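Inspection log for the structure reproduced underneath, given as structure tokens.
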Amino acid sequence: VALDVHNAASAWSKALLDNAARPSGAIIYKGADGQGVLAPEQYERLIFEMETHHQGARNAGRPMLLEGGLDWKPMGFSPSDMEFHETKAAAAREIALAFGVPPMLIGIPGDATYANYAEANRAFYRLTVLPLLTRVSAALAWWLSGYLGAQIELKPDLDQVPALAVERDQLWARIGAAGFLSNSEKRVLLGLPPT
Amino acid sequence: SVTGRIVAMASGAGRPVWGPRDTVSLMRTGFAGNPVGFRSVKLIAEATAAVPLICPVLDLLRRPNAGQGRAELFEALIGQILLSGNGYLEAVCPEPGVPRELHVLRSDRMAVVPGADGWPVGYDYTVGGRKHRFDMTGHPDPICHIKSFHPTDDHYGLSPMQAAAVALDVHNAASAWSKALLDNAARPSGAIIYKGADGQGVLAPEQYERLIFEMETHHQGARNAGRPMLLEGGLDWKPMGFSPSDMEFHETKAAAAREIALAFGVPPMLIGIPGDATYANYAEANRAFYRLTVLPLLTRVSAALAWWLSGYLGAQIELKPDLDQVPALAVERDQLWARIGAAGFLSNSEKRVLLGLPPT
Amino acid sequence: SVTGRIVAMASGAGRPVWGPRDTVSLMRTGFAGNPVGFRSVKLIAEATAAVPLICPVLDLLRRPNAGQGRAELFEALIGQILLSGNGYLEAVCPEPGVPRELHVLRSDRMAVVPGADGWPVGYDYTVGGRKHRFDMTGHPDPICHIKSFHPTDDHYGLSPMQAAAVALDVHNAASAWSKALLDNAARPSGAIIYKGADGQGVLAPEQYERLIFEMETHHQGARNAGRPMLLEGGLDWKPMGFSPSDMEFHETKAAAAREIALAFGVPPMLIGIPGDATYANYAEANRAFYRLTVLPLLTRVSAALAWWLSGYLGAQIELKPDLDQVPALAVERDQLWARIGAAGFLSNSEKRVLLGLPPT
Amino acid sequence: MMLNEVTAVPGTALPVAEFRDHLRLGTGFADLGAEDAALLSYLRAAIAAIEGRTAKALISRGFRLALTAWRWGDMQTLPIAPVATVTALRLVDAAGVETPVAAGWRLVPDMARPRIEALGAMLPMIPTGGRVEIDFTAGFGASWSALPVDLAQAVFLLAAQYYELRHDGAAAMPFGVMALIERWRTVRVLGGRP
Amino acid sequence: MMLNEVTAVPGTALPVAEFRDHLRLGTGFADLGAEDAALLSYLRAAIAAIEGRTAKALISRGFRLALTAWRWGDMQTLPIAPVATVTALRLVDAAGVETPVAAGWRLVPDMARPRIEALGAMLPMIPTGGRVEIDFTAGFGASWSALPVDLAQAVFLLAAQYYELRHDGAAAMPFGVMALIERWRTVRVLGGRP
Amino acid sequence: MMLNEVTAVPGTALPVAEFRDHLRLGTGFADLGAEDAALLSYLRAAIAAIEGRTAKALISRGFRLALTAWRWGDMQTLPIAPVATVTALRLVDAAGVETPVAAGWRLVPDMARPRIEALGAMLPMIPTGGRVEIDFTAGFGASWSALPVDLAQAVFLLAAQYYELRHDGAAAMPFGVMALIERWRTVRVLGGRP
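Here is the structure:
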């Protein structure tokens with residue numbers, strides 16, 4: 199549902215910029231009657247004084263004498279910005295919600311949930327990547343072991359993946375500062391080959 | 024490979040498969056047309072060319098051909114992958130091993146041939162009505178075909194510009210909205226209405242040149258701003274406005290300018306678009322840029338050069354990005370050197386093997 | 024290569040190919056026309072000239098010719114690349130090696146010739162109706178042709194001004210909107226409406242000079258601001274307003290003033306345009322400027338001078354930017370010296386070799 | 001752009017014998033007495049009021065459209081709407097050498113927007129000072145019977161009004180004069196540069 | 001798009017002898033025929049008024065629709081609404097040769113949208129600089145009796161009005180002239196590109 | 001969708017002898033003199049004004065509804081409202097093989113929305129180019145007496161009005180013509196895609 203909102207709200211603004219007639223005004227010419235056209239002699243006079251002397255940046259604001267019958271009604275454009283702007287941006291967040299990516303990584307706008315990308319990249323490799331990768335690798339560990347004789351395990355590294363460095367600072371400085379237990383007693387905790 | 028034969032017959036073996044027609048028009052309307060699509064590819068293609076590589090073979094990559102340097106090659110190579118999802122590299126071999134010419138063939142004029150077993154047998158460089166028919170029915174296989182991931186197609190890539198092709202046309206037309214609004218708009222700063230005794234009445238060209246000369250001299254311009262302007266009977270001055278003044282599709286352009294930057298994967302802070310502060314202080318956004326959309330792209334192309342060029346050599350060569358002395362990753366390098374450097378319990382050579390140093 | 028031979032005969036061998044039509048008009052409307060497009064090129068072209076180089090040959094670069102210095106050469110060279118996507122350098126060689134003249138040929142009046150095998154044989158300098166026909170059918174090849182990346186064209190560059198050509202015409206016309214609005218506008222500060230006994234009636238020129246002189250003396254000006262202004266029968270004062278007062282295309286100009294700065298790649302903080310704070314404190318935005326749009330641009334031109342000028346020498350020379358003692362990269366140099374200087378585990382000579390020092 | 005008529009109506013093409021019947025036939029005083037050539041002078045005044053409000057021609061008179069510069073690149077909409085067969089697109093120069101052209105343009109007829117619409121993108125350029133000049137025959141048919149009869153009734157509703165009361169005296176019909184004209188007026192919404 | 005008529009109505013198909021019953025002229029006089037020259041002059045002036053307000057045809061005379069470029073890629077809605085049996089889409093060339101084409105075009109009958117939709121996804125192409133005239137006979141029936149009677153009444157309410165007042169003199176019914184017409188007008192809401 | 005009537009009324013089914021009594025019976029000049037076949041021509045004009053405003057049929061004439069594509073998947077609301085017994089749903093192809101169907105659909109009668117409403121979800125598909133065609137008999141009853149009498153009075157209030165005054169002349176009744184019709188008009192509020 200959130201794809202079809204985001205696809206059609208984005209295509210709303212495309213076809214609004216492509217099918218829209220806004221005028222910057224309208225020179226209403228009634229006449230002596232309630233209705234009256236102006237002759238093509240008068241009409242090319244009316245274009246050429248509008249083409250040359252009134253349109254464009256360089257003619258912005260000429261005082262524009264209006265004789266009897268003529269009148270200039272300036273039109274507006276009342277919804278100018280923001281055509282389904284928030285409902286697209288809410289749907290652009292629900293698509294990112296379903297796959298599980300944070301809004302900060304993909305680049306969609308929104309309120310600051312995560313702080314400073316040491317978290318949101320660490321949240322990305324912990325809620326929707328490494329649970330996904332440890333589930334496929336558990337199936338390659340069993341399907342490919344059916345071709346071998348001995349069964350093999352196959353898991354993600356969960357080490358030297360640089361989005362999990364904030365979980366690695368936090369665990370090395372905890373045990374490195376624990377001075378009570380000895381040197382070889384903490385190489386076995388951090389995953390080191392003991393000496 | 025066993026199922027390869029079944030998909031080949033449906034497409035038709037020995038016949039060129041084209042894929043997307045409108046590929047050449049997204050280039051002129053989305054990469055030569057708007058700055059956001061222009062800057063996003065130029066920001067990536069000049070970043071992947073700057074990253075050094077780790078292996089001989091790199092002597093070819095350093096000087097591929099005349100007039101097309103090492104860094105200029107990957108800008109042409111990645112610049113086709115981001116634009117049309119496909120990268121091509123012709124190798125010209127006067128010599129049998131390590132062919133001394135590389136040429137990025139543009140992917141507008143290249144077409145695949147499915148062949149017998151589904152994997153390609155021909156590539157067709159089609160300029161004008163002229164074809165070439167490169168052959169893949171051999172061992173060296175003279176063109177590496179780098180695909181972006183496409184789930185539905187079996188022969189091409191997806192080209193992120195195609196995924197942002199609606200948001201490009203919003204940004205192209207909202208920017209051209211304000212251009213043609215500044216070029217087609219009649220605003221007056223007022224209107225001197227002259228009705229007359231009747232409901233309608235013109236004023237004589239004697240009176241009309243009198244009306245210009247008191248308007249030309251005494252009322253228009255900066256220096257006559259605010260004259261008290263006597264209006265006799267019949268005359269009246271109705272001042273017009275311009276009711277939407279700023280901001281003609283200003284936020285929908287600024288939202289589409291971010292969705293273009295979203296698809297190519299650049300952060301909004303690097304390209305320069307306005308927007309809410311997502312990343313903080315450029316130590317993150319430059320590090321996020323070389324980790325989510327540059328180094329995954331470069332390690333995928335370099336993995337195809339590591340295998341295509343090793344087919345010309347005897348021994349297979351690995352070829353990966355350096356991920357060291359690339360100065361956008363210094364916050365991941367401070368963080369890893371100060372972690373192990375502060376671990377005083379393990380000895381000197383026990384952390385040179387961790388940080389990657391040759392031990393002494 | 025092989026594809027190129029086919030490409031030539033499509034366009035036509037031996038005949039000049041011109042490329043962009045409007046590149047002579049984008050210069051006057053986009054570089055002499057608006058300050059944002061003017062400053063953006065001047066910000067980059069004066070940055071690439073300031074970067075030192077690493078190699089004899091640089092003695093040519095220091096003094097190329099009379100009246101055109103080292104820094105003045107690259108301002109002319111990069112100033113053609115940013116404007117029209119192409120850089121040209123004529124070399125005059127009285128001597129066989131290291132030709133003692135360099136000349137930035139402007140890219141308005143230069144045209145390529147595809148030649149036989151697709152790679153160029155002729156360049157045509159066309160001023161007026163007069164040509165020169167430089168020849169590329171030799172080894173020294175007297176013009177280096179520096180291309181910006183263009184995916185659709187085979188002979189020219191893309192020229193970021195072409196990608197910002199809509200945002201230039203918005204910024205040129207919105208700025209000229211406010212100019213001609215301050216020059217063509219009649220606002221009155223009021224209107225003394227005089228109807229009369231009839232619906233229409235003029236006032237006699239005896240009465241009218243009485244009406245000016247009581248308005249000229251007693252009501253206009255700062256010193257007469259607010260007189261109580263008795264209105265007898267028939268007379269009436271309708272004060273006019275001016276309903277859009279400020280802000281005529283103020284944000285659409287300021288959004289277009291950012292998209293011009295976006296396309297050339299300068300940050301908004303360096304050039305001085307207003308906008309939301311993306312970069313923080315100029316140690317980043319100047320470091321971002323010399324890393325995303327200057328040093329990738331400078332290492333691409335210097336890689337072409339390293340190969341074109343080595344065709345005049347016997348031995349090939351490398352020529353790269355210094356990437357050292359360029360004072361915008363000091364935050365990448367603090368960050369790397371304090372990392373290894375604080376790493377006390379590895380010895381003294383083991384870190385002089387990392388930081389780039391001559392070892393002791 | 002002067003657009004003077006080459007020839008006017010003959011006068012014998014106008015339905016004066018029929019307008020006497022729309023004035024008083026089947027009901028009335030008798031045939032009565034009407035200055036015959038007066039009744040021709042009110043038909044020419046009612047047609048020329050409807051030729052101006054509708055920009056039609058109604059009798060298929062010959063025209064001469066002599067204008068200096070082409071408005072579009074190629075289009076050149078003709079003002080008098082029901083056209084047929086450009087007589088000539090002769091092109092005079094500033095001195096009067098009057099060199100006609102015979103190809104390069106194909107008149108595309110239409111009651112809405114008659115055009116010249118040259119072949120490709122090249123319409124005959126103008127000698128500097130030498131106005132271009134287009135002679136054409138515009139209108140429905142040669143006789144009065146070839147007209148749309150609703151437009152012919154708007155002449156008879158109007159020419160009888162100029163006969164029934166002379167000065168501008170005061171007097175809302177469902178299909179009046181104005182309601183029969185409005186499907187022949189030109190509906191334009193351009194006030195722009197093209 | 002010119003849309004002229006090949007043949008007009010015969011005049012003998014118009015119900016002058018029944019319109020005379022409507023207007024209450026007289027029953028058994030020996031003259032009985034002093035108005036025949038003018039009664040059908042107002043019936044043709046009231047049908048042609050309702051043929052333009054409704055875009056209907058009412059006598060099924062033959063038409064000729066000479067146009068040059070197709071309005072939409074395949075559809076080509078015809079203006080005169082109640083159609084049957086499009087005769088010929090003869091495709092003229094740039095000049096001269098007129099080749100009638102079966103061409104694989106269909107006809108979708110409707111009172112609202114009388115399309116000419118093509119079956120091969122593209123109507124027969126048009127020689128650049130040449131028109132494509134379509135002969136078709138459009139209307140309700142051949143005689144007056146085959147009409148919808150309310151539209152036939154709207155002619156009699158209107159042509160009686162032209163007979164009773166000659167010039168534009170001003171003078175509320177439940178189903179007047181206008182309220183009978185309005186279920187036969189064309190209701191359109193597109194001002195767009197397609 | 002042409003929807004022409006197969007046969008019209010016979011004329012002898014209309015209450016001309018009763019409409020003379022609604023015109024002047026019990027009060028009046030005498031029976032007076034009325035062109036009998038004229039009075040039949042105003043009843044057919046008042047019924048056809050109320051057949052159009054109500055979309056009813058009132059005499060139970062035979063219809064032929066020949067339309068190209070089905071609007072819904074299965075529904076197909078019939079326009080002329082009081083229906084009974086589809087004669088045939090014959091299906092012609094692009095060449096005219098005219099293969100009727102005899103099952104697969106069950107007409108669901110109703111004065112509001114008469115339907116075709118095929119069984120399940122499969123309604124007979126259309127041969128490409130070969131328009132489907134539905135013949136049905138729609139209306140209240142064969143004689144004038146089978147009508148709702150309030151709708152019959154709206155004919156007599158209207159057909160007398162076309163008899164009493166000929167041209168469109170000006171003249175708020177509680178149950179007038181318009182108030183007797185409004186409970187037989189079709190009340191629709193869809194302007195949408197289904």
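Here the protein sequences come in this chain order: A, B, C, D, E and F. End of the first sequence = 393 in the UniProt record's numbering, gap-free, step of one. Going by the UniProt record's numbering, the letters in the second sequence line up with residues 24 to 78, 89 to 393, in that order. Going by the UniProt record's numbering, the letters in the third sequence line up with residues 24 to 78, 89 to 393, in that order. Going by the UniProt record's numbering, the letters in the fourth sequence line up with residues 1 to 171, 175 to 197, in that order. Going by the UniProt record's numbering, the letters in the fifth sequence line up with residues 1 to 171, 175 to 197, in that order. Going by the UniProt record's numbering, the letters in the sixth sequence line up with residues 1 to 171, 175 to 197, in that order. Using N, Cα and C, we set each Cβ at its ideal position, and we do this for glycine too.
Return yes when the Cβ of E:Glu35 is within less than 8 Å of the Cβ of residue 174 of chain E, no when it is not.
Along chain E, the last residue before the gap is 171 and the first after it is 175, so residue 174 of chain E carries no coordinates.
Contact criterion: CB-CB distance below 8 Å. Does E:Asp31 meet it with respect to chain D?
The residue labelled residue 31 of chain E in the question sits at position 31 within the fifth sequence. For E:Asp31, the answer is no, since every Cβ of chain D falls outside 8 Å of its Cβ.
Contact between the stretch 75-87 of chain D and the stretch 106-121 of chain D is defined here as three or more beta-carbon pairs at a separation below 8 Å; is this criterion met?
They touch, by the three-pair rule.
Using a Cβ-Cβ cut-off of 8 Å (strictly less than) and excluding sequence neighbours within five positions of C:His251, which residues of its own chain qualify?
On the third sequence, residue 251 of chain C is found 218 positions in, with the first residue counted as 1. Cβ neighbours of C:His251 beyond the five flanking positions: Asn257 and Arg260.
Can you tell me whether D:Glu5 is helix, strand or coil according to DSSP?
Position 5 of the fourth sequence, counted from the first residue, corresponds to residue 5 of chain D. Reduced to three states, the DSSP call for D:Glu5 is strand.
Have a look at B:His204 and E:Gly139 and give me their C-alpha separation to the nearest angstrom.
Counting from 1 along the second sequence, the entry for residue 204 of chain B is found at position 171. Counting from 1 along the fifth sequence, the entry for residue 139 of chain E is found at position 139. Near 51 Å, if we compare the C-alpha coordinates of E:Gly139 and B:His204.
With C-beta atoms as the reference, is A:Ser278 less than 8 Å away from B:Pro277?
Here residue 278 of chain A is taken as the residue at index 80 of the first sequence, counted from 1. Here residue 277 of chain B is taken as the residue at index 244 of the second sequence, counted from 1. In this structure, B:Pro277 lies closer than 8 Å to A:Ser278 by Cβ.
Name the DSSP beta bridge partners of D:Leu67, please?
Here residue 67 of chain D corresponds to residue number 67 of the fourth sequence, with the count starting at 1. Answer is none; D:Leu67 lacks a bridge partner.
First and last residue of the alpha helix (DSSP H) that includes B:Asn119?
Within the second sequence, numbered from 1, the residue matching residue 119 of chain B stands at position 86. Element bounds for B:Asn119: not the alpha helix (DSSP H) but the beta strand (DSSP E), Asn119 to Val125.
According to DSSP, is C:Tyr227 helix, strand or coil?
Working through the third sequence from its first residue, we reach residue 227 of chain C at position 194. If DSSP states are grouped into helix, strand and coil, C:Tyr227 belongs with the strands.
Compare the Cα-Cα distances from D:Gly194 to each of A:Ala206, A:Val359, A:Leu214 and A:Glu247 and report the closest residue.
To locate residue 194 of chain D, count along the fourth sequence from 1; it is residue 191. Among A:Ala206, A:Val359, A:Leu214 and A:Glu247, the Cα nearest to that of D:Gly194 belongs to A:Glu247.
Under 8 Å between the Cβ atoms of C:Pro221 and B:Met262?
The residue you call residue 221 of chain C lines up with position 188 of the third sequence. The residue you call residue 262 of chain B lines up with position 229 of the second sequence. Yes, they are a contact pair.
Helix, strand or coil, according to DSSP, for F:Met176 in the structure here?
The residue you call residue 176 of chain F lines up with position 173 of the sixth sequence. Correct three-state label for F:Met176: coil.
Measuring alpha carbon to alpha carbon, tell me which residue in C:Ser208, C:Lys65, C:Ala339 and C:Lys228 is nearest C:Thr285.
As a position in the third sequence, residue 285 of chain C is number 252, starting the count at 1. The residue with the shortest Cα to Cα distance from C:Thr285 is C:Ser208.
Are C:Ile67 and C:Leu110 close, meaning C-beta to C-beta below 8 Å?
Along the third sequence, read from residue 1 onward, the residue named residue 67 of chain C stands at position 44. Along the third sequence, read from residue 1 onward, the residue named residue 110 of chain C stands at position 77. Cβ distance not < 8 Å, so C:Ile67 and C:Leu110 don't count as in contact.
Within the chosen definition, does the stretch 58-72 of chain B reach the stretch 294-305 of chain B through at least 3 CB pairs nearer than 8 Å?
With the cut-off at 8 Å, the stretch 58-72 of chain B and the stretch 294-305 of chain B touch.
At a Cβ threshold of 8 Å, is C:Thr185 touching chain B?
Counting from one through the third sequence, the residue named residue 185 of chain C turns up at place 152. At least one chain B Cβ lies under 8 Å of C:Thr185.
Do you know offhand how far D:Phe63's Cα is from D:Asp135's?
Here residue 63 of chain D refers to the residue found at position 63 when the fourth sequence is read from its first residue. Here residue 135 of chain D refers to the residue found at position 135 when the fourth sequence is read from its first residue. Rounded to whole angstroms, D:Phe63 to D:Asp135 spans 6 Å at the Cα level.
Is it right to say B:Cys177 is buried, meaning 16 or more other beta carbons lie within 10 angstroms of its own, or is it exposed?
On the second sequence, residue 177 of chain B is found 144 positions in, with the first residue counted as 1. Counting Cβ neighbours within 10 Å, B:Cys177 comes out buried, since at least 16 surround it.
With a threshold of 16 other CB atoms inside 10 Å of the CB of F:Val149, please say whether the residue is buried or exposed.
For this step, residue 149 of chain F is matched to residue 149 along the sixth sequence. When all chains shown are included, F:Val149 counts as exposed.
Of the residues F:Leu23, F:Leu165 and F:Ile47, which one's Cα is nearest the Cα of F:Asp31?
In the sixth sequence, residue 31 of chain F corresponds to position 31, counting from 1. The option with the nearest alpha carbon to F:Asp31 is F:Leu23.
Once you ignore the five residues that flank B:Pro97 on each side, which residues in its own chain have a CB closer than 8 Å to its CB?
Against the second sequence, residue 97 of chain B aligns to sequence position 64. The residues are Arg103, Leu106, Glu134, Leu135 and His136.
Specify the secondary structure class of E:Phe136 as computed by DSSP and reduced to three states.
Taking the first residue of the fifth sequence as 1, we reach residue 136 of chain E at position 136. Correct three-state label for E:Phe136: strand.
Per DSSP, what are the beta-bridge partners of B:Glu134 in this structure?
Your numbering for residue 134 of chain B matches position 101 in the second sequence. Per DSSP, B:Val125.
Could you give the distance in angstroms between the alpha-carbon of E:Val16 and the alpha-carbon of E:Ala182?
Here the question's residue 16 of chain E lines up with position 16 in the fifth sequence. Here the question's residue 182 of chain E lines up with position 179 in the fifth sequence. Answer to the nearest angstrom: the Cα atoms are 24 Å apart.
Helix, strand or coil for B:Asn98? Go by DSSP, reduced to three states.
The residue you call residue 98 of chain B lines up with position 65 of the second sequence. Three-state result, B:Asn98: strand.
On the three-state DSSP scale, how would you describe E:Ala88?
Numbered from 1 along the fifth sequence, position 88 holds the residue referred to as residue 88 of chain E. Three-state result, E:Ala88: strand.
Which one or two residues does DSSP pair with E:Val155 in a beta bridge?
The count along the fifth sequence starts at 1 and reaches residue 155 of chain E at position 155. Paired residues: none, contrary to the question.
Would you be able to state if there are at least three C-beta pairs under 8 Å between the stretch 31-38 of chain C and the stretch 141-151 of chain C?
Touching, yes.
According to DSSP, what are the bridge partners of A:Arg372?
Here residue 372 of chain A refers to the residue found at position 174 of the first sequence. DSSP lists no partner for A:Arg372.
Between B:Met143 and B:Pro153, how many whole angstroms is the CB-CB distance? I'm expecting something under 8 Å.
The residue you call residue 143 of chain B lines up with position 110 of the second sequence. The residue you call residue 153 of chain B lines up with position 120 of the second sequence. In fact, because the Cβ distance is near 11 Å, the residues do not count as touching under 8 Å.
Among the residues of its own chain, which have a CB less than 6 Å from the CB of A:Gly229, if the five just before and after it don't count?
The residue labelled residue 229 of chain A in the question sits at position 31 within the first sequence. So the qualifying residues of the chain are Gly267.
Does the beta-carbon of C:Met194 have 16 or more other beta-carbons within 10 angstroms, so that it is buried, or is it exposed?
Translated into positions along the third sequence, residue 194 of chain C becomes position 161. Per the 10 Å Cβ criterion, buried.
Can you tell me which of the three DSSP states residue 248 of chain F falls into?
Residue 248 of chain F lies beyond the residue range present for chain F, which begins at 1 and ends at 197; the question has no answer from this structure.
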